[PDB]
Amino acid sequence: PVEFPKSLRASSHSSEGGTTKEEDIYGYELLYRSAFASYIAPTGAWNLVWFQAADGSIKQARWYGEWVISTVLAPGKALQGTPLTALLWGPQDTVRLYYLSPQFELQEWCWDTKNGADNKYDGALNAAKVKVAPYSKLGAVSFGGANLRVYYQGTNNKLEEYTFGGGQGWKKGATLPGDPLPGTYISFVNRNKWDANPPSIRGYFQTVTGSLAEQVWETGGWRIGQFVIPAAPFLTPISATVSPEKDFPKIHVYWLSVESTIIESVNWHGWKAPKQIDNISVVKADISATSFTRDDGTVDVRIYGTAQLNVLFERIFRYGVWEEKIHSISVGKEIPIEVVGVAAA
């Protein structure tokens, strides 16, 4: 078997007090610790997830009754271990996916489905040859329809913005405040509706001290926000998502604990205390959150990431509760392996 810390739960079928003896799955055609991007349709009718296959291609898992896997970027297009982040607007007919080339330049993939067409092509961001810090992660938002913002870590470790819209093409945007940890995970969200202008932008990242911090664009340009988590694990995955609950934006910020469990902090008329959403230890690796508002005004959340041993998980917050059924999305060949919980020496 493989050994796992006895005090941690490897899956939803682990013993209540930790891992004893169980079977878990290794999907070996998913890149180990793959990046994830995602977007659920605002109607909730279908789901998009993007990930990196072991061969380095970028693939898509789309749920519509069942999951369907396809390839969106051929092997050779993306850095092995590229970050990923996605946009969806129109309200839901135009997709952009951002990634890094093997030369650490910002790249853009476009998927347009307006009017029943289907066009897939490289975006113009590639032309700017934006060289980023090699460990940079990526975030992005859209507003006013096709006004786009891409956030990355520049070569001096500051967070940086690139802008698109208004017929201007891609142009360098702001340099953001703060002192980001080299290699920090980052996640940016727009609190206002996809077709609204101005946007209300928030970004989440880890600083050089290990704390978590917030970028705010509201009025008067970029400022550091009130969200402060004094300590978090080194290079903790971070993903945030926002949708209106009872007619006010509900920001959800997710990161990992030292036990590799998912911690959530909500901003909804103020920040609420961080709390663990479940006690199952995921692989310490990129996560991706998305959300939508139901007709009744409540907000559903989906989180994707890597579960033990190497599977793509889907965690579901629906009608106010995290469901205990945590699904896995198969992306290729798999082997089952026995897992035994082992105590410290």
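When you see a residue number, it is the position in the sequence shown, counting from 1. Note that the rigid core is defined as the largest set of C-alphas that superpose within 1.5 Å between two forms.
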Give, as the answer, the stretch of 89 to 97 and 217 to 225 that departs more from the shown form in 4 other deposited structures of this protein; the measure is RMS Cα distance after a core fit. 217 to 225
Mean C-alpha B-factor comparison - 234 to 242 and 112 to 120, higher one: 112 to 120
Using only C-alpha atoms and the B-factors in the entry, which stretch averages higher, 161 to 169 or 127 to 135? 161 to 169
Name the one of 149, 202, 269, 252 with the greatest CA B-factor according to the PDB entry. 269
Just the C-alpha B-factor column, please: which of 183, 220, 83, 102 has the biggest number? 220
Entry-reported C-alpha B-factor of residue 224 relative to its chain, by third, is highest
Modelled-residue ranking by C-alpha temperature factor, third containing residue 43: highest
Chain thirds by Cα B factor, record data; residue 70 belongs to the middle
Is the Cα B-factor recorded for residue 284 in the lowest, middle or highest third of its chain? middle
Quick check on the deposited entry: does the C-alpha B-factor of residue 300 sit in the lowest, middle or highest third of its chain? middle
